[PDB]
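Asks: Chains as they are written, first to last, in the deposited numbering: chain AL24, 2 to 101; chain AL29, 1 to 62; chain AL23, 3 to 94; chain AL28, 8 to 95.
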Amino acid sequence: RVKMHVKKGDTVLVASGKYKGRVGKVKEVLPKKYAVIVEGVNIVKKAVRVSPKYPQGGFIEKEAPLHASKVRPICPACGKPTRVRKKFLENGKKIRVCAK
Amino acid sequence: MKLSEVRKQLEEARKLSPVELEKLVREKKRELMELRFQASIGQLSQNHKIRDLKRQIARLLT
Amino acid sequence: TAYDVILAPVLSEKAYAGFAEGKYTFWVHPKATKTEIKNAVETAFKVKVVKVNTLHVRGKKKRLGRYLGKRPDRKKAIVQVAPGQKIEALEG
Amino acid sequence: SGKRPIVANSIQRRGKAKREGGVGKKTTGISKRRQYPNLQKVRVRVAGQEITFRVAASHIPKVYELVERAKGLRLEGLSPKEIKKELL
RNA sequence: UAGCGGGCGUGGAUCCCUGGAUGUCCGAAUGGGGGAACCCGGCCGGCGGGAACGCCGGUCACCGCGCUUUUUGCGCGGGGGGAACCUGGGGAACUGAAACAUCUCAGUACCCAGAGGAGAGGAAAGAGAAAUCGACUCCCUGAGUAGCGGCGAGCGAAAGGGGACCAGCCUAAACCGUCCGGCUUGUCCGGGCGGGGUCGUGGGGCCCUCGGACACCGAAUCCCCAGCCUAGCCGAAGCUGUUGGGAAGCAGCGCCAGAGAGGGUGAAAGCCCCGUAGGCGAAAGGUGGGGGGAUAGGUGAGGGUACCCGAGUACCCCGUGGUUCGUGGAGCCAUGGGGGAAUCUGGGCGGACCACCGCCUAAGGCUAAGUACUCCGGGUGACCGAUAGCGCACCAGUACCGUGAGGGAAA
RNA sequence: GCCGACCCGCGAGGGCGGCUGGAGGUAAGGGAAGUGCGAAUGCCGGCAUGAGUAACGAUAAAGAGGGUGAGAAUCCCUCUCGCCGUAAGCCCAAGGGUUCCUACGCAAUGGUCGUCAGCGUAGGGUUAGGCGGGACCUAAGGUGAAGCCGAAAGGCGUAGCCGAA
RNA sequence: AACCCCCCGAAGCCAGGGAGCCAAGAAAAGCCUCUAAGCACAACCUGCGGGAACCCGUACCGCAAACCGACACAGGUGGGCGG
């Protein structure tokens, strides 16, 4: 309940820290820890292979779970907070003056 | 969505319902042991199968 | 609640020695009768079972770190098939 | 015990021993004891058969009202104590 | 709770809420047994050729009350649990008296039984000096007063006043109809049921008269509804640069505010996030005279009659308790033992007792509210911050110690 | 938190400077306390002393060659020697509760060692009409319709029932 | 493979053996039999062929290093064999 958060898998900007300004397509929200992932955070995992199966595991520097309060969505502008208006039928989200 | 499909046609399972239902679940548990067996040898079972099987039985048993 | 007593094949070197005769052996339910075992396996493999045997298995206690625990207990049963016939599935 | 119509238990009220004038004074030595009811048995016919009653003398007669009352009262069918219960 | 190994969801999952479903065996444990979680059964139907075996489903403990003619049946209900609180049944000693008996500690501790969200208490045989207050419960006060006390230690009321709350009823009995039972068939005794009746300006019954009535009075009972609890949604307003691993900081200029409580965001954010203030929300279960409606039940005068009005009770005495009252001039309420009335030209009480004068209707019963409590949920703190705070922030009533009750960590 | 020989205060103290540290601190003036420790054979935890000391748990007794292994007096094999043999051998019951076996290993456990184990991980292992017990019987005793007793809780107790080396 | 002969010979077995003694030495069921109810198309007894026969313990230690003594504790533990 209420674990529902800012947004889902889509186009989201980052006003975080070391990646202030980086904007990418977020490919995974994990509501269990309040952290998302874009293309930004990319720490190098020196480790060999995460799971014993398969040869070497590559120095994969893949995206690292970022805290969600450091990510703002965006549409015909540059990322607003998310108010929510309603139709004659269902309901979705409209930003500070735009749509979608 | 598996639910939708199964349940509806179990009240469609009313051409000879109760009697037939008893029979139905009986064969279903067989399709169960066969699995638990295959999931004992090792390479012959990919999880879920066993699970979803049981969960159907769960509803069927109504 | 018929195919429910036979839990799974007991897989061990020694169990395999029982295939040489009609002496198949597998993991059965805790509270189960040599009488309802015969009936069960018979209606589970359509083979007449002369002799039946159940023994009990206390599950060893294993420890996973500072947390100590106990594996379930089991009831091994060995069956005896009407002299000759066999179980195609267990012969594997 | 108490039992019958009597409806009287066993009070554990205490008894103190005194030494005195009373036109000189008075003093003591006290302890606890329990007082009991004059319970006795009551044999009586009633309906058929016999039936015992364990009451205090205070109310024995009150048993002997019950008996003239079970006369406009229907009671038979081999009722040993059933009589007593149905005795009001 | 990651990994192996696989699957699911905008044909709208996960998750949350209401209800329904399955719910092994132990445990009030309830077929019997039993060393709790395990053994062994009776009957009915079914399963496997299934008679021997086995298994499945249902059913079979005991006690109480009412129908059942006894009989066997059927029906409603009890059994145990509960942190604390509550009533009743029992009931300590240390201790204080600077010893120690009365006394105190105290009707506390604890044991027991029973009660419920409360419990108890309750329509005056009241209070007590005002020809006056007027059920009960609790708070404040009266008041450390009256008083009790080896008049030592110490113990300690009540009315009245102030406030919370508000609330009043049904019956037993005289009498009448009825069914049944008995028996010395009576113009009657009893039992069941119904009618009748419920009082302290006394009431009721019975007969007569009035007009005896459309009217009044009205639930603690019943139905509907609001509201309400059990999941939730809307929720205003910020950008740039600068120091930095990281700003929310420093700075420039803006903005919302029924919202600048609080919390998170890599540091110090009204404006990013969750919220906050304001306002919306229930198919379902639950709740509910706060509102409406209905019913159950209730309402009149005079006169005559002399019927009725709670029995081993009142009352007296002996042994007792409660009370401020420890036998004191010892009443009253309560009652173990003995004797033992009256139906209002009656009985109690007003502190031994008598007279007058006043208060009151025992010996039947029920009653909401105010009240206590804190397992439970929420709020807050001149409360704790890991030797503190619950014993337990942590896989703790665990490890471990004890036969056992029980004790009991660290982290 | 560590540091000082500086500054101030009679002092308890305070301030400043360097260092460590990494997210809190809380003026002036007042306010309220779980408010200042060296002793309580105090409580709790940590660590010293004794001390490289006693001891290493039976005076039945060992030596060697070979092997394994990072490492061997201590594991494995062979030989020689010793001790038990009314037991220090072999069974059964009670109590133990996986300590049995196989593979892998040695931080700890082993009063040393340790390649070994009863220790760590994992897998395997206990088969019954005839043995033992229960769907047989009773004993002491217990339970307990009825019954008798007890302020309650309960006490006794026939029948039946549970009760075995 | 042999697997024979001779001998000692038990507290054990035949078992409910025999003797003597006083201190006078469990209960119940199975086992037999009698009869009542009750049935006598049953039932019981005899043989034969076939069919049916559950639940539980079963490892290992068990005079000890695995039980009781806080311990691989010189202590403690009942019964049988023990050449």
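Yeah, the Cβ is synthetic: ideal placement off N, Cα and C, and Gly gets one too.
Hey, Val72 (chain AL24) and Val3 (chain AL24) are a contact pair by Cβ (cut 8 Å); roughly how many whole angstroms apart?
Replies: As a working note, residue 72 (chain AL24) is residue 71 in the first sequence. As a working note, residue 3 (chain AL24) is residue 2 in the first sequence. Contact doesn't hold; Cβ gap of about 18 Å is too wide.
Asks: Return the first residue and the last residue of the alpha helix (DSSP H) that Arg76 (chain AL28) is part of.
Replies: Position 69 of the fourth sequence holds residue 76 (chain AL28). It spans 67 to 76 - the alpha helix (DSSP H) in which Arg76 (chain AL28) sits, taken as one unbroken run.
Asks: Measuring CA to CA, which of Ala63 (chain AL28), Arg40 (chain AL28), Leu46 (chain AL28), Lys88 (chain AL28) is closest to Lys23 (chain AL28)?
Replies: Counting from one through the fourth sequence, the residue named residue 23 (chain AL28) turns up at place 16. For the residues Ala63 (chain AL28), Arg40 (chain AL28), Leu46 (chain AL28), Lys88 (chain AL28), the minimum Cα distance to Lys23 (chain AL28) belongs to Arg40 (chain AL28).
Asks: For the beta strand (DSSP E) holding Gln43 (chain AL29), just list the boundary residues, first then last.
Replies: For the purposes of this step, residue 43 (chain AL29) is taken as residue 43 along the second sequence, with counting starting at 1. Here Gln43 (chain AL29) belongs to no beta strand (DSSP E), and DSSP marks it neither H nor E.
Asks: At which residues does the beta strand (DSSP E) containing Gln82 (chain AL23) begin and terminate?
Replies: Mapped onto the third sequence, residue 82 (chain AL23) falls at position 80. Taken as a continuous stretch (DSSP letters only), the beta strand (DSSP E) holding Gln82 (chain AL23) covers 77 to 83.
Asks: For the segment 56 to 67 of chain AL23, enumerate the residues whose C-beta is nearer than 8 Å to any C-beta of chain AL29, in chain order.
Replies: The segment 56 to 67 of chain AL23 vs chain AL29, Cβ under 8 Å: nothing.
Asks: If the cut is a Cβ gap below 8 Å, which residues of chain AL23 does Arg36 (chain AL29) touch?
Replies: For the purposes of this step, residue 36 (chain AL29) is taken as residue 36 along the second sequence, with counting starting at 1. Those within 8 Å of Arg36 (chain AL29) in chain AL23 are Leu9, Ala10.
Asks: Taking Cβ to Cβ, would you say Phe28 (chain AL23) is nearer than 8 Å to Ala79 (chain AL23)?
Replies: Numbered from its first residue, the third sequence carries residue 28 (chain AL23) at position 26. Numbered from its first residue, the third sequence carries residue 79 (chain AL23) at position 77. Yes, they are a contact pair.
Asks: Taking a contact to mean a Cβ-Cβ separation below 8 Å, would you say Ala65 (chain AL24) touches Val37 (chain AL24) in this structure?
Replies: Locating residue 65 (chain AL24) in the first sequence gives position 64, counting from the first residue. Locating residue 37 (chain AL24) in the first sequence gives position 36, counting from the first residue. For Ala65 (chain AL24) and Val37 (chain AL24), no; Cβs fall outside 8 Å.
Asks: Using the Cα positions of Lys88 (chain AL24) and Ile96 (chain AL24), report the straight-line distance between them to the nearest angstrom.
Replies: Translated into the one-based positions of the first sequence, residue 88 (chain AL24) becomes position 87. Translated into the one-based positions of the first sequence, residue 96 (chain AL24) becomes position 95. If I take the Cα positions, the gap works out to 15 Å.
Asks: Please classify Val30 (chain AL23): does DSSP put it in a helix, a strand, or coil?
Replies: Start at 1 with the first residue of the third sequence, and residue 30 (chain AL23) comes out as number 28. In this structure, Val30 (chain AL23) counts as strand in the three-state DSSP scheme.
Asks: Work out the CA separation of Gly31 (chain AL28) and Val74 (chain AL28) for me, nearest whole Å.
Replies: On the fourth sequence, position 67 is the one that residue 74 (chain AL28) refers to. On the fourth sequence, position 24 is the one that residue 31 (chain AL28) refers to. Their Cα atoms are separated by approximately 56 Å.
Asks: Tell me which same chain residues have a C-beta within less than 8 Å of the C-beta of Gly71 (chain AL23), skipping the five on either side of it?
Replies: Start at 1 with the first residue of the third sequence, and residue 71 (chain AL23) comes out as number 69. Only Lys63, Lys64, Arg65 meet the Cβ criterion.
Asks: Less than 8 Å between CB atoms is the rule here; does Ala17 (chain AL23) satisfy it with respect to chain AL29?
Replies: As a first step, residue 17 (chain AL23) must be located in the third sequence, where it is residue number 15. No, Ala17 (chain AL23) does not count as interfacial toward chain AL29.
Asks: Within 10 angstroms of its Cβ, does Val27 (chain AL24) collect 16 or more other Cβ (buried), or is it exposed?
Replies: Within the first sequence, numbered from 1, the residue matching residue 27 (chain AL24) stands at position 26. Buried, by the Cβ-count rule.
Asks: Please give me, in chain order, every unbroken run of the beta strand (DSSP E) with length at least 3 that falls completely inside the segment 36 to 63 of chain AL28.
Replies: DSSP runs (the beta strand (DSSP E)) wholly in the segment 36 to 63 of chain AL28: 46 to 48, 61 to 63.
Asks: Around the C-beta of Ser17 (chain AL24), are 16 or more other C-beta atoms found within 10 angstroms, so that it is buried, or is it exposed?
Replies: Counting from one through the first sequence, the residue named residue 17 (chain AL24) turns up at place 16. So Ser17 (chain AL24) counts as buried.
Asks: Quick check on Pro74 (chain AL24): does DSSP put it in helix, strand or coil?
Replies: Within the first sequence, numbered from 1, the residue matching residue 74 (chain AL24) stands at position 73. If DSSP states are grouped into helix, strand and coil, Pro74 (chain AL24) belongs with the strands.
Asks: Answer yes or no: does any C-beta atom of chain AL23 fall closer than 8 Å to that of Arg55 (chain AL29)?
Replies: To locate residue 55 (chain AL29), count along the second sequence from 1; it is residue 55. Answer no: the Cβ-Cβ gap between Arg55 (chain AL29) and chain AL23 never drops below 8 Å.
Asks: Which chain AL29 residues are close to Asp6 (chain AL23), counting only those with a beta carbon under 7 Å from its beta carbon?
Replies: In the third sequence, residue 6 (chain AL23) corresponds to position 4, counting from 1. Near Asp6 (chain AL23) (Cβ distances below 7 Å), the residues of chain AL29 are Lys29.
Asks: For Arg26 (chain AL28), tell me which candidate among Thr34 (chain AL28), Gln19 (chain AL28), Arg20 (chain AL28) has the shortest Cα-Cα distance.
Replies: The sequence position of residue 26 (chain AL28) within the fourth sequence is 19, counting from 1. Among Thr34 (chain AL28), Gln19 (chain AL28), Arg20 (chain AL28), the Cα nearest to that of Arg26 (chain AL28) is on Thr34 (chain AL28).
Asks: Could you tell me whether the Cβ of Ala42 (chain AL23) comes closer than 8 Å to any Cβ of chain AL29?
Replies: Looking up residue 42 (chain AL23) in the third sequence gives position 40. Chain AL29, which has no Cβ nearer than 8 Å to the Cβ of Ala42 (chain AL23), makes this no.
Asks: Does the beta carbon of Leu70 (chain AL23) come closer than 8 Å to any beta carbon on chain AL29?
Replies: Start at 1 with the first residue of the third sequence, and residue 70 (chain AL23) comes out as number 68. Chain AL29 contact via Cβ: absent.
Asks: Run through DSSP, which three-state label would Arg20 (chain AL28) get?
Replies: Walking along the fourth sequence from the start, residue 20 (chain AL28) turns up at place 13. Three-state DSSP puts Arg20 (chain AL28) in coil, outside helix and strand.
Asks: Between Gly22 (chain AL24), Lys63 (chain AL24), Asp11 (chain AL24), which lies nearest to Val51 (chain AL24) when the distance is taken from Cα to Cα?
Replies: To locate residue 51 (chain AL24), count along the first sequence from 1; it is residue 50. Looking at the Cα atoms, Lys63 (chain AL24) is the closest of the given residues.
Asks: Where does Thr37 (chain AL23) fall in DSSP's three states?
Replies: Locating residue 37 (chain AL23) in the third sequence gives position 35, where the first residue counts as 1. If DSSP states are grouped into helix, strand and coil, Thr37 (chain AL23) belongs with the helices.
Asks: Taking 8 Å as the CB-CB limit, is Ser45 (chain AL29) close to chain AL23?
Replies: Taking the first residue of the second sequence as 1, we reach residue 45 (chain AL29) at position 45. Taking Cβ atoms only, chain AL23 never reaches closer than 8 Å to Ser45 (chain AL29), which makes this a no.
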